[PDB]
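**Student:** here is my input, please return the structure:
(4 chains)
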Amino acid sequence: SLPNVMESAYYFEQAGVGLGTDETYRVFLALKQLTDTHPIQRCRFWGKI
Amino acid sequence: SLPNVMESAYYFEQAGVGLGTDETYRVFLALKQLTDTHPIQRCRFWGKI
Amino acid sequence: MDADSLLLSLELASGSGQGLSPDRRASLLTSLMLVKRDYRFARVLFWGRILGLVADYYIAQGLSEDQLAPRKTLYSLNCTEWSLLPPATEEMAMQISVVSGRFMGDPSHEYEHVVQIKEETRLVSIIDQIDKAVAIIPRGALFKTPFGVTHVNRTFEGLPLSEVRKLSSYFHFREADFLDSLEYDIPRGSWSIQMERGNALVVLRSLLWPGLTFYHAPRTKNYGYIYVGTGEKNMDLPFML
Amino acid sequence: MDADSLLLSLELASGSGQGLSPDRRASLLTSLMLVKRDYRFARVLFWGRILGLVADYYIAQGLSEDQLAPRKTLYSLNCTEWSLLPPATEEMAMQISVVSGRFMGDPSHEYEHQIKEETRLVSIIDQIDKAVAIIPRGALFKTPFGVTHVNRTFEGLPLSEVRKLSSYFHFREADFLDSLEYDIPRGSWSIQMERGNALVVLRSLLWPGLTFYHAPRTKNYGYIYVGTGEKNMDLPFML
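**Tutor:** Numbers count the residues shown, from 1 in each chain, chains lettered A, B, ... in the order given. Dropping the coordinates below:
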């Protein structure tokens, strides 16, 4: 139930923001673990504070 | 007239092939030079031999 | 950030969180090395980017033969269109105290106190008051020869991991084994030291100027600093820490 | 290539075209770090790919303190489980002479020309490294103790002998090691430059898929074989 975090990160790179491909894919896999763990309808990369 | 070279290059990166975002963006700009120079209906990055 | 190595030196992938798009980064690489051609700098370094409101200022530096004093600064609203800034001085540093807020996007823009403050003067001033007391030299990159500070350490091997957390293994770029460390009786805790990318990257953040990111790979001769932020001074730090 | 360079994605900037995907890149960074953990290698370098028909082999070798020592080759099919191959031999080089064609991606596959696919993989990686594995002049200096260490002040190559094959040595036994210009057929190494003069790209023609890179005036170097995994015997027709 994930979004395409890499497509978003690609547009983010077009705008000159994001965490880069490596760390963003790492966060994407972490969100995948979140979806595996919990019965959740959405898991959106809100941000990095 | 031009194609979306960067969306294609992003999918290329995902598949693994490509020149990196940097050289692909250069190729996109060079294709734009070709497109504004010449009266082209449709243009496509064929490849790098 | 050294001009030849922005594609090597990704602040955006390093955890800065804001940085250069591939369009901008491409224009920066070719335009900075041509900046080295036109004005004969020994080295060109990308300084960072002040966000502003309407348009983004992209800022670069140019260094002569090795010294900390001759630090010419540039700006460009379309990356390639580089223009040499006037030198900074205490008069323009004093003059911009009567103006606050975000940068605009137009060097010809003028504020009102009625003292007139050109956006250009604000850019040059804010650039220098950023670089004093945030621009890191890691311990060992530079020393002082007896005949002058040139001595770019060609044998530099980075900082060992034990020295990294201490904050005493980082010197300023100011005109000071010879420079003032980041511990200089500044507000204590004004630097956030972060171990990033599997302990292969030390990310330092200036909390007096948010958006300033500095890093170096440990055990390696890669280092550089960059400002991707709003351009206003965070005086507000001691309320936080 | 190095892990630091795997972060940079110079595999794709070199113009090889094949390179690697970012998912695989992140997985290699984690798993090669833990290969350096489980096997106490001085360095762990990503050698590239042998492109198969069902799956692609993902290869890395282990470098001891002596960099020219016989190095322990590993393979993976999913970037995470790294399997340690056996070392190569002359006898194992002789067996696969009857076998040709694309790799399969199934290490258990058998050829009736029996030959194991591990046999092919090990001996092909061996033959590539003996024939073609570049180092620049100045890097990998011989310590007086009879052991080779990375020259920590290699400081890159200047642009004068970047263009020359004489400034480029192999990763093997031969005090300087073995120049490329004693390597036939003449012109077997292509010489190319990246954007600017920031980096020179060397593409193997006897073994297509290999693309060694090097940044002048910088200690960043490396090579990967991402290719079919066979020797281009056809080369002197083409030159």
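**Student:** which helix or strand contains residue C:150?
**Tutor:** Per DSSP states H and E, residue C:150 falls between elements, in no helix or strand.
**Student:** which residues does residue C:109 contact?
**Tutor:** C:118-119 (C-beta atoms under 8 Å, 6 or more residues apart in numbering or on different chains). All C-beta atoms are positioned from the backbone trio N, CA, C, and that covers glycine.
**Student:** ok, residue C:17 to residue C:132 distance?
**Tutor:** 24 Å (C-beta to C-beta, to the nearest Å).
**Student:** who has more neighbours, these two?
**Tutor:** Set side by side, residue C:17 and residue C:132 show more neighbours around residue C:17, with 20 against 13, by other C-beta atoms under 10 Å in any protein chain shown.
**Student:** go ahead and confirm that one touches residue A:20.
**Tutor:** No: counting by C-beta atoms under 8 Å, residue A:20 is not a contact partner of residue C:17; they are 9.3 Å apart.
**Student:** so residue C:137: helix, strand or coil?
**Tutor:** The three-state assignment at residue C:137 reads strand, by DSSP: H, G, I helix; E, B strand; the rest coil.
**Student:** what residue in chain A comes nearest to chain C?
**Tutor:** Using C-beta to the nearest C-beta, the closest approach of chain A to chain C is made by residue A:20 at 2.6 Å.
**Student:** count the neighbours of that residue for me.
**Tutor:** The burial count for residue A:20: 23, using other C-beta under 10 Å.
**Student:** which element, helix or strand, includes the closest residue to it other than its chain neighbours?
**Tutor:** Spatially, and ignoring its direct neighbours in sequence, residue A:20 is nearest to residue C:13 (2.6 Å; C-beta to C-beta, 6 or more residues apart in numbering or on different chains). Per DSSP H and E, residue C:13 falls inside helix C:11-14.
**Student:** which secondary structure elements does that helix sit against?
**Tutor:** helix A:20-37, strand C:212-216 (3 or more C-beta pairs under 8 Å, 6 or more residues apart in numbering or on different chains; DSSP states H and E).
**Student:** highest mean neighbour count out of the ones you listed?
**Tutor:** strand C:212-216 (a mean of 25; mean count of other C-beta atoms under 10 Å in any protein chain shown).
**Student:** and the contacts of that one?
**Tutor:** With contacts defined as C-beta under 8 Å, 6+ apart, strand C:212-216 is touched by C:11, C:14-16, C:48, C:130, C:134-136, C:138, C:158-159, C:196, C:201-206, C:222-229.
**Student:** and if you look at stretch A:4-22?
**Tutor:** Stretch A:4-22 is contacted from outside by A:24-25, A:27-28, A:31, A:45, A:48, B:6, B:10, B:13-14, B:21, C:10, C:12-15, C:17-24, C:197, D:7, D:22, D:25-26, D:29, using C-beta under 8 Å, 6+ apart.
**Student:** check stretch C:121-136 too.
**Tutor:** Taking C-beta under 8 Å, 6+ apart as the rule, stretch C:121-136 contacts C:47, C:50, C:57, C:59, C:71, C:73, C:75, C:85-88, C:92-93, C:95-96, C:99, C:103, C:107, C:111, C:170-174, C:182, C:184, C:186, C:204, C:206, C:208-209, C:212, C:214, C:223, C:225, C:227, C:231-233.
**Student:** rerun that using 6 Å as the cut-off
**Tutor:** Residues outside stretch C:121-136 that contact it (C-beta atoms under 6 Å, 6 or more residues apart in numbering or on different chains): C:73, C:85, C:88, C:92-93, C:96, C:170, C:173-174, C:206, C:209, C:212, C:214, C:225, C:227, C:231.
**Student:** filter these down to just the ones in strands.
**Tutor:** Taking DSSP state E as the definition of strands, the contacts of stretch C:121-136 contribute C:73, C:170, C:206, C:212, C:214, C:225, C:227.
**Student:** most surrounded residue in those?
**Tutor:** residue C:227 (27 neighbours).
**Student:** right, and chain D sits closest to which residue of chain A?
**Tutor:** For chain A, C-beta to the nearest C-beta, closest residue to chain D: residue A:21, 4.6 Å.
**Student:** buried set for the helix or strand containing residue A:11?
**Tutor:** Using DSSP H and E, residue A:11 maps to helix A:5-15. Residues of helix A:5-15 classed as buried: A:5-6, A:9-10, A:12-14 (neighbour count, 16 or more other C-beta atoms under 10 Å in any protein chain shown).
**Student:** same question, stretch C:226-240
**Tutor:** Those would be C:226-232, C:234, C:237, for stretch C:226-240 by 16+ other C-beta under 10 Å.
**Student:** quick check: phi and psi on residue 16?
**Tutor:** All of this is about chain A. Per-residue torsions, residue A:16: phi 90, psi 30 (degrees, to the nearest 10).
**Student:** to clarify, I was referring to chain C.
**Tutor:** Phi and psi for residue C:16, reported as degrees, to the nearest 10, are phi -60, psi -40.
**Student:** please report how far the residue in chain C that chain B sits nearest to lies from residue B:32.
**Tutor:** Residue of chain C nearest chain B, by C-beta to the nearest C-beta: residue C:22 (4.4 Å). Using C-beta to C-beta, one gets 15 Å for the distance from residue C:22 to residue B:32.
**Student:** now do the residue lying closest to residue C:98 once chain neighbours are set aside against residue C:99, distance only.
**Tutor:** Nearest residue to residue C:98 in three dimensions, chain neighbours excluded: residue C:113, at 5.2 Å (C-beta to C-beta, 6+ apart). Using C-beta to C-beta, we find residue C:113 at a distance of 8 Å from residue C:99.
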